[PDB]
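Scope of the values below: all heavy atoms of this structure, side chains included, with no hydrogens, waters or symmetry mates. All chains are named by letter (A, B, ...) in the order of the sequence lines, taking the proteins before the strands, and each is independently numbered beginning at 1. One-based numbering, in listed order, for ligands and for the atoms of each.
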Amino acid sequence: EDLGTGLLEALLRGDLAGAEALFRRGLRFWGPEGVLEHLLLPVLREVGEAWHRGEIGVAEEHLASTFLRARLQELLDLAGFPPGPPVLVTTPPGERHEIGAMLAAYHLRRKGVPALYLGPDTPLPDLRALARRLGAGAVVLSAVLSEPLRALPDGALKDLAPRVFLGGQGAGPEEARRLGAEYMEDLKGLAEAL
Amino acid sequence: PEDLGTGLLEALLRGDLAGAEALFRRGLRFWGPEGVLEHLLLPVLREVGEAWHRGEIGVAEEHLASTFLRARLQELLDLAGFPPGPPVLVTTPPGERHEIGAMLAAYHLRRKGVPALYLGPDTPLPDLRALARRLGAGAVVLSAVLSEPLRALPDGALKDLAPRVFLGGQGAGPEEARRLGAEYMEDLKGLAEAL
Amino acid sequence: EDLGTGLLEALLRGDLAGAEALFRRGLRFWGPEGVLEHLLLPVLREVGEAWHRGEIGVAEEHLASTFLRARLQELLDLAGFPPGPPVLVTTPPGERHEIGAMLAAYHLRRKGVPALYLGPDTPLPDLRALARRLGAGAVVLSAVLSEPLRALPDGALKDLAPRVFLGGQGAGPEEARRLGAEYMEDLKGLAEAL
Amino acid sequence: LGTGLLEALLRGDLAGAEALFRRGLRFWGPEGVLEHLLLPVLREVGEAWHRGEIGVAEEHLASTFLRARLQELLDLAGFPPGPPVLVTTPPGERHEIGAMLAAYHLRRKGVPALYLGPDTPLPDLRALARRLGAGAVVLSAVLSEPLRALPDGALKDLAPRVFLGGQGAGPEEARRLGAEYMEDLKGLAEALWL
Ligand code: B12
Ligand code: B12
Ligand code: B12
Ligand code: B12
Ligand SMILES: C[C@H]1O[C@@H](n2cnc3c(N)ncnc32)[C@H](O)[C@@H]1O
Ligand SMILES: C[C@H]1O[C@@H](n2cnc3c(N)ncnc32)[C@H](O)[C@@H]1O
Ligand SMILES: C[C@H]1O[C@@H](n2cnc3c(N)ncnc32)[C@H](O)[C@@H]1O
Ligand SMILES: C[C@H]1O[C@@H](n2cnc3c(N)ncnc32)[C@H](O)[C@@H]1O
């Protein structure tokens, strides 16, 4: 697992070419899904750990996250966008971590589901209005922090779309039930739940 | 055509991303890389903002269009060269979450062979200064869309970020740049010529 | 390696739309340089071998090569073209295979070198005259065939520019030395050599 | 705009040339920029070389640039499905922009013109047209000598219909070779439907 360390080290020195080359190598080794699990995700977690310990600053994290977000968006577009009633994917209001939402939309598209990624931080009434107008079959929410969920009143997610899914590190079964959403433990079960 | 701007937004609003991606590529091929940004990307984003402010569209619709257009620009950014040598750090002031202006600056720089490192938006100044120092960055470029994040900064706050510091955007002006200790830049074209 | 098989089949059946889609697919997966290495080049090589074996005709090679040349030029125009003294890229007189020179120009542009791609088959006096007038720092020559080089006298490439580089299948260290040019093995070390 | 574009290319200013061509496209449109900008420049470049005012390397640079631009327009015109029309040049003819221009005008009228590139051997051209079930073959002749080198009826059986045009071609010569002569690119698609 040299690639994880090397990719991080390449990004931290502002070597985009080297970072890109290391990521492509991961894609070659593990394929699209594999490179997320073994490279993109571990690096994102380590970046958070390094910042938390004071080993790197915010600007370093920004650089790494922006790079990896660009790579995931590539895979997202590579997965394609099929016809039919879309599934809207975003994060609850106040939640600015968006890569979990992108990841969810990615796994849905891989299964032929037209997951529309909106970006993060969408007000619930606006989310519901879009879902209604596009005739969206479902809404998917990624919660990394728990406070944006705790800030919501009971039943807040209930009427967003015919089906409403909630997951992420910030989400739990008890909280999803309170908000009126279906809890999904992992991305594996999310794709099959539809 | 003047239809492409209308066409792209209409496709996005109906959730036709495939059609939207196709219309953008037509713009890219007709207007060129810089052209499609000026004549397609920017006018659509401006209209999206005006339509929301008038109450014609909701926030979720803006999110959809902006996320799409950001993805297109990032695609163009990665296709441009990225030369070796001391980098130029591009970001936005703390409190500024509009990031496409900074992305544009980074892109115009890369297109002229300047190693612009796009960081993403909203970077605390001490962290920005520390990264520039460690990488021996030649310059820092800031895009300010809102004026309030700049006003919240004390005098000379941007002075010691890098050997050269630039400030532009709708939220920026020559007077405010002088107060923060940065060089004001009106347009993206002259930015590359200044380096 | 399946994309290559798929891409060639689409071209051989005259399906340009599918071919363009497949190439963009490979571009998003392998990246800009990667798609040239893992898709464009292996397809071009296989096209050459198939024709030589008598499996495909000239018109079929023509179609695929014209297509792939168009894709590479598309990538070339999207790369940065920095200011400053240019680097002239072409092929020796008598050499009409031009994609190697285009590749060279592309790798240079991606590294922030103002590589001016001239097209193939350029007379040496005219090439020298242009290099002189534009104050070019270097001349880069791609030789696919060996015969065009062998037909040139000793030191024929010596005075083209302050630096002259020569690479490609038709080129070798011994032949580069005789012509008075610097031999370059890899496109990656071409930018560094400047 | 023509003079400036030519001057920009002659000094190796791709950015300036690119910007000037884009202005021509915005002002005159797709067809207009061909007639008012691309074609006049290509002709003047040839005149300039003939007079000794510019060298071959200069011409190459300008020609390669404009070929890239035309190819962009070619792809912008799209490629509709159906029985393809194969477009190339006679054996020995290396000027390819006339053929590209022909393929462009066909596509703008909804005709699936497959551009092969220049210089296709007639038996190979005939074999591909047969296998793809091509409705027609279109040939661009800039020089007359490649036509004069062909025997009577040489072009007759390439496809159900065979069109010949360009500076090197005339009505009598087309008739001799068994091809239909076309003066202007405009009435090419109308003739194919007739
Ligand atoms: C990048 C980053 C940011 C960037 C985000 C950029 C962007 N555009 O996305 C920015 C700079 C905005 C940021 C800000 C902040 N962040 Co932050 N950030 C991170 C970092 C490094 C990675 C985030 C990421 O993309 N992770 C990738 C996701 C996909 O990984 P994952 O959560 O493990 O997700 C898995 C599963 O949950 C599943 N999943 C995800 N979504 C969904 C959805 C469904 C439906 C399902 C089924 C599954 C699922 O997918 C993954 C499978 O392995 C994390 C570190 C970390 N450990 O995650 C910190 C982290 C999340 N952030 C943290 C903090 C503290 C903050 C700030 C408060 C900092 C500050 N003081 O300003 C702010 C809060 C902003 C806000 N209001 O949301 C802390 C959270 C601590 C806590 N629990 O309170 C972390 C954990 C860092 C740390 N180690 O301390 N952050
Ligand atoms: C998308 C968007 C968002 C997205 C951003 C997504 C993202 N990740 O980037 C989100 C949802 C986050 C958002 C939030 C908000 N936004 Co908003 N948003 C927009 C929108 C529709 C387009 C943004 C964009 O990219 N525009 C394109 C920009 C780059 O073009 P431009 O500024 O004219 O740039 C040109 C030059 O300035 C130059 N330039 C830019 N940067 C630089 C840098 C240098 C160095 C140089 C030389 C030149 C230069 O480049 C361009 C060349 O033509 C605009 C509408 C608009 N008209 O801009 C509103 C807009 C900017 N937002 C607005 C508002 C009100 C907000 C919010 C306060 C809304 C709210 N109530 O929450 C928040 C504020 C968040 C924050 N703290 O930053 C208002 C701003 C009004 C004001 N000036 O006070 C606008 C104008 C909409 C409106 N009301 O009409 N926004
Ligand atoms: C397309 C093609 C043509 C087209 C060219 C169209 C165009 N405008 O470019 C046309 C139809 C004109 C053509 C004609 C001919 N060709 Co031809 N053609 C090919 C084909 C299929 C691909 C050419 C190509 O672009 N390849 C891609 C090259 C760039 O890949 P590569 O060599 O592996 O390059 C790598 C490195 O060398 C490096 N490199 C390249 N340049 C440089 C430069 C520098 C500085 C550096 C550092 C590195 C470097 O880049 C790559 C990195 O992986 C090849 C097959 C092949 N294997 O190449 C045959 C091939 C080259 N052609 C061949 C032949 C026989 C001919 C003709 C004689 C056929 C004929 N009887 O008319 C003529 C000769 C024309 C001439 N005078 O040059 C033979 C050559 C055999 C030989 N060496 O003797 C080949 C090998 C086919 C075969 N038999 O398998 N050809
Ligand atoms: C660029 C160029 C080249 C490039 C080609 C690059 C490429 N890949 O295409 C290269 C370097 C290969 C080249 C080589 C040569 N060329 Co040269 N070249 C030119 C130049 C400057 C432009 C060619 C071009 O594309 N013109 C654009 C075309 C589209 O314009 P047009 O012919 O007026 O076309 C119009 C109509 O005819 C119509 N048309 C065209 N095709 C068709 C097809 C159909 C079906 C229809 C209906 C209509 C139609 O379309 C246009 C509508 O307005 C011309 C100058 C000129 N006046 O054309 C010289 C020119 C054609 N070349 C010339 C010469 C001398 C040569 C060489 C012999 C030079 C040499 N000694 O090596 C070689 C021959 C190579 C060969 N075997 O073909 C001379 C021809 C003189 C003559 N004897 O007739 C010219 C005229 C220059 C000059 N003034 O002396 N050439
Ligand atoms: C979770 C991530 O949040 C980022 N982070 C921490 N504080 C701030 C701030 N004031 N502004 C922007 N990003 C911040 C760090 O880079 C960390 O990695
Ligand atoms: C400038 C853009 O900000 C978006 N916007 C406005 N209010 C909010 C909010 N509460 N949360 C997120 N985005 C918002 C709108 O969609 C507008 O177009
Ligand atoms: C190297 C490439 O040269 C092409 N080729 C072979 N003979 C000729 C010819 N007479 N004219 C044009 N192209 C030719 C073949 O298509 C082969 O793939
Ligand atoms: C018609 C065009 O042919 C080009 N031309 C003339 N002689 C040669 C040669 N030996 N090799 C390649 N191109 C040549 C010139 O650039 C002229 O403009």
Run the numbers for me: atoms of ligand 1, each under 4.0 Å from some heavy atom of [X], listed by number.
{"X": "A:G94", "answer": "76 (C), 77 (N), 78 (O)"}
{"X": "A:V140", "answer": "45 (C)"}
{"X": "A:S65", "answer": "1 (C)"}
{"X": "A:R96", "answer": "7 (C), 8 (N), 9 (O), 76 (C), 77 (N), 78 (O)"}
{"X": "A:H52", "answer": "90 (O)"}
{"X": "A:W51", "answer": "90 (O)"}
{"X": "A:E95", "answer": "78 (O)"}
{"X": "A:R45", "answer": "33 (O), 53 (O)"}

Can you give me every donor-acceptor pair (side chain of residues 42-49 of chain A, partner residue at least two apart or in another chain, under 3.5 Å) with its distance?
residue, atom, partner, partner atom, Å
A:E46, OE2, A:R53, NH2, 3.0

Heavy-atom nearest option to [atom], drawn from [options]:
{"atom": "atom 60 (C) of ligand 1", "options": "A:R69, A:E185, A:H97, A:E37", "value": "A:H97"}
{"atom": "atom 42 (C) of ligand 1", "options": "A:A101, A:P148, A:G168", "value": "A:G168"}
{"atom": "atom 89 (N) of ligand 1", "options": "A:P120, A:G48, A:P42", "value": "A:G48"}

Indicate, as side chain, backbone, both or neither, the part of [X] found under 4.0 angstrom from ligand 1 when only non-hydrogen atoms are considered.
{"X": "A:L44", "result": "both"}
{"X": "A:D186", "result": "backbone"}
{"X": "A:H62", "result": "side chain"}

- If you measure only the distance, is there a donor-acceptor pair under 3.5 Å linking the side chains of A:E60 and A:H62? no

- Task: Please name all residues satisfying side chain to side chain contact (heavy atoms under 4.5 Å, CB included) with D:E96, sequence neighbours left out, ordered by chain then number.
- Result: C:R69, D:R67, D:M100, D:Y115, D:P118

- Side chains of B:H98 and B:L146 in contact at under 4.5 Å (non-hydrogen atoms): yes

- Query: Under 3.5 Å between some N or O of ligand 1 and some N or O of A:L190?
  - Reply: no

- Task: Could you tell me whether some N/O pair between A:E98 and ligand 1 is separated by less than 3.5 angstrom?
- Result: yes

- Assess A:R163 against A:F165: is NZ or CZ under 6.0 Å from the centre of the six-membered ring, and within 45 degrees of the ring's axis? no

- Show the numbers, then the answer: is there a side chain to side chain contact (heavy atoms under 4.5 Å, CB included) between A:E147 and A:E95? CA-CA 9 Å; A:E147 168 63 39; A:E95 177 64 79; over 6 Å; no

- Message: Can you list everything that forms a side-chain hydrogen bond (donor to acceptor under 3.5 Å, both in side chains) with B:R133? Sequence neighbours excluded, please.
- Response: none

- Message: Please confirm whether A:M102 approaches ligand 1 to less than 4.0 Å, judged on its heavy atoms.
- Response: no

- Task: Please state whether A:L141 comes within less than 4.0 angstrom of ligand 1, counting heavy atoms only.
- Result: yes

- Message: Going by side chain to side chain contact (heavy atoms under 4.5 Å, CB included), D:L139 matches just one of D:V87, D:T120, D:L158. Which one?
- Response: D:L158

- Closest heavy-atom pair, D:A159 versus D:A134, reported as atoms and distance to 0.1 Å, is CB-O, 4.2 Å

- Closest heavy-atom pair, A:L190 versus A:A104, reported as atoms and distance to 0.1 Å, is CD2-CB, 4.1 Å

- Query: What do the steps show when you test A:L149 against A:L166 for side chain to side chain contact (heavy atoms under 4.5 Å, CB included), and what is the final call?
  - Reply: CA-CA 10 Å; A:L149 296 184; A:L166 179 62; 3.9 Å; yes

- Item | Pairing of C:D121 and D:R94 as salt bridge, 4.0 angstrom limit | no

- Query: Going through the distances and angles, do A:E33 and A:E37 end up as a side chain to side chain contact (heavy atoms under 4.5 Å, CB included)?
  - Reply: CA-CA 7 Å; A:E33 276 81 5; A:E37 184 176 346; over 6 Å; no

- What class does the angle between the rings of A:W30 and A:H38 fall in, given that below 30° is parallel, 30 to 60° is tilted and above 60° is perpendicular? tilted

- Task: For ligand 7, list the protein residues that place a heavy atom within a distance below 4.0 Å of one of its atoms, sorted by chain and number.
- Result: C:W51, C:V58, C:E61, C:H62, D:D119, D:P121

- Could you walk me through whether D:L116 and D:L125 pass the side chain to side chain contact (heavy atoms under 4.5 Å, CB included) test, one step at a time? CA-CA 9 Å; D:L116 303 179; D:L125 180 55; 3.6 Å; yes

